[PDB]
Structure formats: structure tokens, C-alpha cells
């Protein structure tokens, strides 16, 4: 079995993206006989699709877990649904702010994630990790990647399982916000890393 | 030197109080030259006061750092002000819900914390711990203890430094709250423990 | 031209549902030459569907605006997407808590709202009414009804336009909640009523 | 009887301050036999004290209700306590940013509001207006004015009743913030105006 994990580079004026470190830390690990591949994606429309599709064809994973930063969110969230729409609340990293366009013209309006989301959530809770089901991944780069990955699955027959995990800010990202107004929630890096490993294990369990 | 650290027991139907664990962990340890004593206070009006005065008179600490749970808070908070009032939003652990009463009749309306609060915050930031200055400790058991402590100092000439640190929920407290609606912020236990050791260090440094 | 507006009965232990009162205030009114029909729906899976579909066939509206209460939301929200799923966070008004079930087996995973959502938002703004686009209607009764309505449109060819508006609590609903901590946003009833009329006006203008 | 109501000018990038309109709308009215004076204060340290102390001396009111904007707050808030401290999170309207300074060196650490805060809150509730007691007025211009007014009371014997009321944004202030992402709570201007009249009414009734 092959597992792909993706993360994103820094965006939105942030110095770091904890998911870039998660992808790098998960690259090369094994869970049983399963090999994990971790790759970092650009927060850039068009370019993220090219990198994603190249990566999928290269690796042909059985399971793809895509990870993103969700600023302001207080627990791990497991995305249920990917939507065939872009409406960027902020520009991508190249200043491209796409509004009310499909991701893939003519493709289904949405795809459900094919990860065992409820079992993933249950297992995180057992591990002491706050987690819930999210019903919108936004309409920016996280959703864009989530949708393209599920579309690839529906269209190519691989990955068999695909979904998205959003993570809170890590505490060090909060320091800079304190002298500026409201203080967003955060979660320690080590818990976020473990919260990505858990979906892989649960997914590998459920597959075959 | 002697440092008192108090925590509180569980309250409001919570299974746990992280500050109880913190007091018990810091108990008996030494930070530089100073001995640290860790005591757990009851979340009970009257009783907490008796326990607190007995503990202060017994130990005669140079520094008192009082620690409480602040549900819904997303970073470490350092209390600036203790207020001469009780207005309980919920009953204490014996079912007493005291409304509109002084803590100490005739005593001042408020006392400023005598911890070096801004230096504590600066040190917490450079250690990667999100922290801010809170201007109200509530009017339940946290503020009661914070007021009685600072009053004891002004009245008896010790501790020379006294103050209050509120901590968020730890991740494991969040798990049961997921099925039931909104999802409070949390902070790892390890980070909260370090965030109380730091106030001791900088307080010890600012004294003599 | 014929417009159906729906609201919901009280639920989740609430004494009132401001959308029940909105639907009653709009029932029988005319917007220019357009006849409006207001109907209150039960917060009951199954029964809501029977009532909705019967009402749709009875009236055959050109435009359907479905309105629901969204506790904790601070502005008017216009729903972009309906999702083919039920995952009830609380039971419905007959105690039914349905989890991870399709609304219509074999139908599209999602439908986009066919209201002119951006022109509605723009119009509300210039009317001084805070409004935004929501990308999830939840997976309870609002989404259920939103989906069934858009399904009827795609499948029967009427309504021509269909969509969903969520409203905050109205200020009176906040009174009893002030004791128990969290103080939710609200919006005056009059503004909420005006914010439902605006979609009718914009939809009518965009049709033919 | 004579009644002083103050509000503030716009600050912090905001086009309007609703408390400015409130003060101007209340000026010159009578509540029963009592005469209401409405004054707009500058959001400027030093100048606001000069203006406040001059107006208090000129009018010598029996009751002083000071009103201000609290961005982010979801209901009316009646301030319990003013504190003898300035710790400005943002500069004032003249670019001055005071950090960790007392308001009146020598004066008490805090004064309690001498408005019948609990009766005001009870009456606001019966009127369908959400309201709660706040235990911190911040440490910017609202608290500065709250403190100086109560200090004036204790020091000169007038005003006999002094206190502070904070109001949420009004809905028209929210519109430009929807692009910016997050969407703060608001309250209708009409409800906010009514909500400062009630304090005048219950305070007059309290004073003989």
C-alpha cells in the first residue's frame, strides 16, 4: 500500500504553515508494510493542480490525506465534502483571487470524502485528540485540492480513499497576533502530527 | 526562597481540573534556589479562604502564584486585577451561589497583582507560549483567592509577590463537548505546566 | 409570478422561531404583481419533506425562498450549496437523530442555490443589512429542505429559482441565555423580515 | 434633576461611533421632570479629562451615564468597575499610546459604578434588550472616563450616580468588514438608544 500526505506552504502573510512540516515529517515513514509519501503543495491556483496531478500519477497512492491550516478553528476537523467551486476570500500566493468559477467544468457539484471520517474522528477522540466533522472546506486552496483529488479518484480509480484534514494554528503562530486584537485558538504541533498519522492508520485498517 | 503554587479541584461538572495536576506536579520541586510548594484549593466559598490562609501562614511563601481553569480561553492569561466582590455565575462545589457580596468588607475595591505581569508575558512569548494580560479574573473562586491572597500580602507583609494565572482547557476535556455543540479552545498540559514554571522564574529573578 | 417563502417552527428547546413569524408576515402579500405564499414547516425529517413537496405541487411557485434560524450567526447568511446528506447534530422535533444518510439516494451529492446569491448580498449591503455567503447550511432540517427544493427544481422544472436564507437569533431570544455565560449575536426582527423580502425582489428582477 | 449622557467621537479607523449619535439624540430631552444633557467626548487622553471635568463642573449633574462603543460585544454591557490604569492597546485620536500608567496617582485602585447596575440589567431584560454586567471596561478611553467620573463623584460629592454603558457595533458598521472575513455582532441603533434611556429612568427612580 502507498499513502500520499500533502501539506501547504505558508500563505496569508504567515511565516509558517504547520502542514508543510507535517508533510515533511511524514515523508518516508512506514505504518506496517504501507509506505508514506509526504509532499508540499503551493498555495497557488493552477500550479497546485499541476503539482497534485503529477504527484498522484508518479506515486499512485491507494490513500491520499490532504492537510491544511484552518485559522480560527479550535480542533482537528475532518472534511466531509468537496465542492466544485472557487471563490477566493483572499488571493492565492501569486495574487490570484478567483471568484465564482468551477474547479472542473461539467464535473459533479460536489464529492464526499471517501475516508472513513466517523471512524477517524472516533479514533482521534480515543487518542485524546479534539476532532470534529467539517461540512465546508472553504472555497480556497484546501477545497480546490480536496475536490481535484476526489475527482481524480472518481475518474482514474485511484486513490481508493481521499479526504482532507484541517489543523488549527500552532501556538507559536499566535504570539504575533496577541498585540493586535483577538487571540485565535491553537493546537501543539505534536498533536497535529499525531492527528494526521491516525487517519492513515484507520484508512489502512478499513482498506482491504 | 519559597514559592506557593495553588491549583483548584474539578468544578462545574468537569471530570478534571488541569491546575490540580499542575500544583501536584510542581510540588516539591526546586527552581534555582527556591523551594516550590504545590497545594490544591477547594472550589468552595469560605472553605477555600480557610485553606488558603492556613497554607499561607503554614508555608510563609515569598511568592504566591495562584492558578485556575478558564473555560473558553484560548491562551494563558495573567490577571492584572483582583476585585473585592463575589457574583457567582454558577454554584460553588457545595451548591452556594453567592451573589452581590464583598469578599472583605471595608477592604479596597481592587488590588493590582504584584507579579511582574508584563515581564512574565514577554518571557512566555519568547518561549513560544501564547499569553495575554486579562483585566478581570471573573467573580467566582479564582478572583476570590486572587483577592484574598493580595489582601493577605498588603495586610501581613507576605507573600511579597502574589498573582493569578488562568489556563485554558486541556485537549482531553474537549472530547466530551464535541457531541454537544460548540468546541472550546484548548492548550496542551505540557505547555500549561511550563507556563506556570515561567512566572516563578521571572518572579524569583525580579525579587532581590 | 408566484413566490413561496418557508419558515420553521420552534426547535432545540427554543420558545420561538423568528422564521415562523417571517413566513406568517409574508403569507398573502404582493410584491408588485407577484403573489407571495408563506408556509411554516415542521422541524421533522420525513414530515417536512411531505409538507414541502405537497406545497410545491399545490402552488407551483416560480421562486422558493426557504428561511431558517442559525443560532450563533451574527449576520444574514445566503446558502450557496445544498448537500445530499442528513447528519443531525440534535434530534428533530419527534426525537429522530439521523446520522450519515442520503436525503435522496442516487441523486447528486450537492446542488448549487439558483438564487442570484451575490446580487442578493450586494443589495442587502446597500440596504445596511450585514449579509454573507455561507458554504454550509448544516446537515439538519434547513439543508434537508434546501436540498429537496433544489432537487424538485432540477427534476420537475419548477421553482425556477430556489435557495435558503439563515437568520440570527432575534434579541428577545437572548434574554434567557444571559444567565448561562455565552451571549450569542442577534439581529432585530424587522431587519430579518426586510432581509427576506430583498431576495424575493432580486429574484423577481433577475427572472425574465 | 439633571442628567449627563456622554458618548465618544469615531476612533480606530471607524467612520462612525454610534455613541456619538446617542449623545446628540439625547441632548435637550426630558425624562419626566429630569433634564438630559448630551455631550460628545474626544477619544483623546488628557483632552477627554479636560472636557469631562469642565462639563461636569458646568452642569453639576445628579446622574452621569457614560456610553462608548465596544467592538465585538454582542449585547449591551453595564460596567461594574473602573480601574485606575491606562494600558492603551491602540493609540488615541492624537497618536498617544499610554502604557502602564495610573489615571490619578494616589487615588484608589478601582471604583465601583454607583448606578443601580442590577436593576438597570433587569429592566433592559423586561424591555426585550439583551444586556449583561461587564467586569472590565478595558483600559483605554472608556475606562479612563468611567474612572475620572467616579473619582469626581467621590472627591466633590457630585454626580451622585456615575457609570458606564458599552454598546455593540450597529449593523451599518459591519458592512465594510464582510470583505475582511470575520463578521462581528451588532445591535440596531434604535435598540441601543432605548438601552441608555433605561439607565436614566431606573437611576432617577432610585434617587428618591
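Protein chains in written order, with the deposited numbering: chain B, 1 to 208; chain D, 1 to 208; chain A, 1 to 208; chain C, 1 to 208.
Just so you know, even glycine gets a beta-carbon here, dropped at the ideal spot from N, CA and C.
query	result
Residue environment, residue 104 of chain C, which counts as buried when at least 16 other CB atoms sit within 10 Å	exposed
Among B/33, B/79 and B/62, the one whose alpha carbon lies nearest that of residue 69 of chain B	B/79
Residues near residue 148 of chain D by beta carbon distance below 7 Å, same chain, minus five either side	49, 52 and 103
Where residue 173 of chain C sits in the DSSP three-state scheme	helix
Rounded separation between residue 74 of chain D and residue 185 of chain D - CA only	5 Å
Check whether residue 171 of chain A and residue 191 of chain C have beta carbons under 8 Å apart	yes
Runs of alpha helix (DSSP H) wholly within the stretch 147–191 of chain B (minimum 4 residues, chain order)	175–178
Residue 9 of chain A (DSSP reduced to helix, strand or coil)	coil
Short Cβ contact (8 Å threshold) for residue 83 of chain B with residue 110 of chain B	yes
Stretch pair the stretch 3–13 of chain D + the stretch 81–96 of chain D: three plus CB contacts closer than 8 Å	yes
Per-residue contacts from residue 108 of chain A into chain B (C-beta, under 8 Å)	108, 109 and 110
For residue 59 of chain B and residue 37 of chain B, believed in contact at Cβ under 8 Å, the rounded distance	5 Å
Neighbour list for residue 136 of chain D in chain C, Cβ cutoff strictly below 7 Å	135 and 136
Contact set between residue 191 of chain A and chain C, taken where Cβ atoms lie within less than 9 Å	171 and 188
Limits of the unbroken alpha helix (DSSP H) element including residue 131 of chain B	Per DSSP, residue 131 of chain B belongs to no alpha helix (DSSP H); it is in the beta strand (DSSP E), 131–134.
Burial state of residue 62 of chain B (16 or more Cβ within 10 Å)	buried
Cβ-based burial, residue 154 of chain B [other Cβ within 10 Å; buried from 16]	exposed
Endpoints, the beta strand (DSSP E) within which residue 33 of chain C is located	No beta strand (DSSP E) holds residue 33 of chain C; DSSP gives it neither H nor E.
Proximity test, Cβ basis, 8 Å: residue 73 of chain B and chain C	no
Minimum Cβ-Cβ distance from residue 42 of chain D to chain B less than 8 Å	no
DSSP three-state assignment for residue 79 of chain A, whether helix, strand or coil	strand
Cβ distance (whole Å) where residue 125 of chain D is taken to contact residue 175 of chain B below 8 Å	5 Å
Neighbour-count burial assignment, residue 173 of chain C, 16 or more Cβ in a 10 Å radius	buried
Residue 209 of chain B, DSSP secondary structure in three states	In the structure as shown, chain B starts at 1 and stops at 208, and residue 209 of chain B therefore has no counterpart that could be examined.
Closest residue to residue 168 of chain D among D/56, D/40, D/131 and D/43 (Cα-Cα distance)	D/131
Chain D contact residues for residue 132 of chain B, given Cβ-Cβ distances below 8 Å	178 and 183
Option in C/99, C/162 and C/123 with minimal Cα separation from residue 198 of chain C	C/123
Assigned exposure category for residue 205 of chain A - 16 Cβ within 10 Å defines buried	exposed
DSSP-derived helix/strand/coil call for residue 23 of chain B	helix
Bounding residues of the alpha helix (DSSP H) (the contiguous stretch that carries residue 67 of chain B)	Run containing residue 67 of chain B: none in the alpha helix (DSSP H); it sits in the beta strand (DSSP E), 63–69.
Residue nearest to residue 54 of chain C in terms of C-alpha spacing, selected from C/188, C/139 and C/6	C/6
7 Å Cβ cut-off: residues of chain A touching residue 89 of chain D	181
Test item: CB-CB of residue 161 of chain B and residue 203 of chain B under 8 Å	yes
Residue 2 of chain B versus residue 163 of chain B: straight-line alpha-carbon distance, rounded	15 Å
Whether residue 195 of chain A touches residue 117 of chain A by CB criterion (8 Å)	no
Against chain A: residues of the stretch 53–73 of chain C by CB proximity under 9 Å	73
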